[PDB]
Amino acid sequence: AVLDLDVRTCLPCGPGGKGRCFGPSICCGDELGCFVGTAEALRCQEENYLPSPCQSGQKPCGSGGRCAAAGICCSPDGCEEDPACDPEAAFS
């Protein structure tokens, strides 16, 4: 848990390290958005090598999960632009 060690967010995801993996074949990146079992989310395969901890939930929301990416309340079930964080949002 913790910040992995002090300042990092699990293992990066997408093109190089735009996002990361949140758990089950899922992924989330800043300018990348959030992917679940998608090409940009296959990075969870690298999590198969080293059982590694890493930061954790991203301030939960009532839109079905956590503030995944650029305002996406997502969990392991699915991701969706939650207006309570940044995309489909109002002043969030």
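Residues numbered from 1 in each chain as written, not as in the entry; some residues may be left out. Heavy atoms only, no water.

Method information in the entry identifies solution NMR as the source of the structure.

Colleague: An account of the sheet that holds strand β2 (residues 19–20) is requested, with residue identities and associated values reported.
Modeller: Each strand in a sheet pairs with its neighbour through backbone hydrogen bonds, running either in the same direction (parallel) or in the opposite one (antiparallel). The strand order across the open sheet built from four strands is β1-β2-β3-β4, with neighbouring strands paired in antiparallel fashion. At either margin of the open sheet sits one strand with a lone partner, and together these are β1 (12–13) and β4 (33–36). Pairing between strand β3 (residues 26–29) and β4: four bridges, direction antiparallel. Paired with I26 across the bridge in β4 is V36. (Pairing = 2+ DSSP bridges. Helix = DSSP H or I, 4+ residues; strand = E, 2+ residues; numbered from the N terminus.)

Colleague: Any chance you could break down the sheet that holds strand β5 (residues 60–61) for me, citing the residues and the numbers?
Modeller: On the basis of which strands lie adjacent, the open sheet formed by three strands has the order β5-β6-β7 and antiparallel pairing. Looking at the sheet topology across the chains shown, the edges are occupied by β5 and β7 (73–74). Relative to β7, strand β6 (residues 65–67) is paired through two bridges, and the arrangement is antiparallel. Within β7, the residue paired with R66 across the bridge is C74.

Colleague: Run through the UniProt feature "disulfide bond" in the protein chain, naming residues and quoting values.
Modeller: Between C61 and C73, for which a disulfide is recorded in UniProt, an S-S distance of 2.0 Å is seen, short enough (under 2.5 Å) for the bond to be assigned. Residue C61 is located in strand β5, and its partner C73 is located in strand β7; the two are separated by twelve residues in the primary sequence. Of the UniProt disulfides, the one joining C74 and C79 is satisfied here, as the sulfur distance of 2.0 Å falls under 2.5 Å. (Disulfide = S-S within 2.5 Å. UniProt positions renumbered as here; feature names shortened; annotations may be inferred.)

Colleague: Can you break down the pairing of β3 residue by residue, with the values?
Modeller: Regular strands have side chains that alternate between both faces of the sheet. Alternating positions in β3 separate into two faces, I26 and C28 on one and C27 and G29 on the other, with burial throughout. Relative to β3, β2 is paired through two bridges, and the arrangement is antiparallel. Bridge assignment links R20 to a residue of β3, and that residue is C28. Taken together, β2 and the strand that follows it, β3, pair antiparallel across an intervening segment of five residues, in which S25 is found at a positive phi of about 40°. In this structure, the hairpin formed by β3 and β4 is closed by a connection of three residues. (Buried < 20%, exposed > 50% of the residue type's maximum accessible area, 1.4 Å probe, protein only.)

Colleague: Help me get a handle on the packing of aromatic side chains, residues and values and all.
Modeller: Counted by the stated rule, this structure contains zero aromatic pairs. Directly above the aromatic system of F22 lies the positively charged group of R20, at a separation of 4.5 Å from the ring centroid. (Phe/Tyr/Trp six-rings, centres within 6.5 Å; stacked < 30°, edge-to-face > 60°. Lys NZ or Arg CZ within 6 Å of the ring centre and 35° of its normal.)

Colleague: Requested: an account of the state of the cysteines, with residues and values cited.
Modeller: Going through the model one piece at a time under the given rule, you end up with seven disulfides. Disulfide pairing places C61 opposite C73 at an S-S distance of 2.0 Å. Sign of the S-S torsion, about 120° for the bond between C61 and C73, identifies this disulfide as right-handed. The partner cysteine of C74 in its disulfide is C79, sulfur to sulfur 2.0 Å. Across the disulfide from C74 to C79, rotation about the S-S bond amounts to roughly -50°, and the bridge is consequently left-handed.

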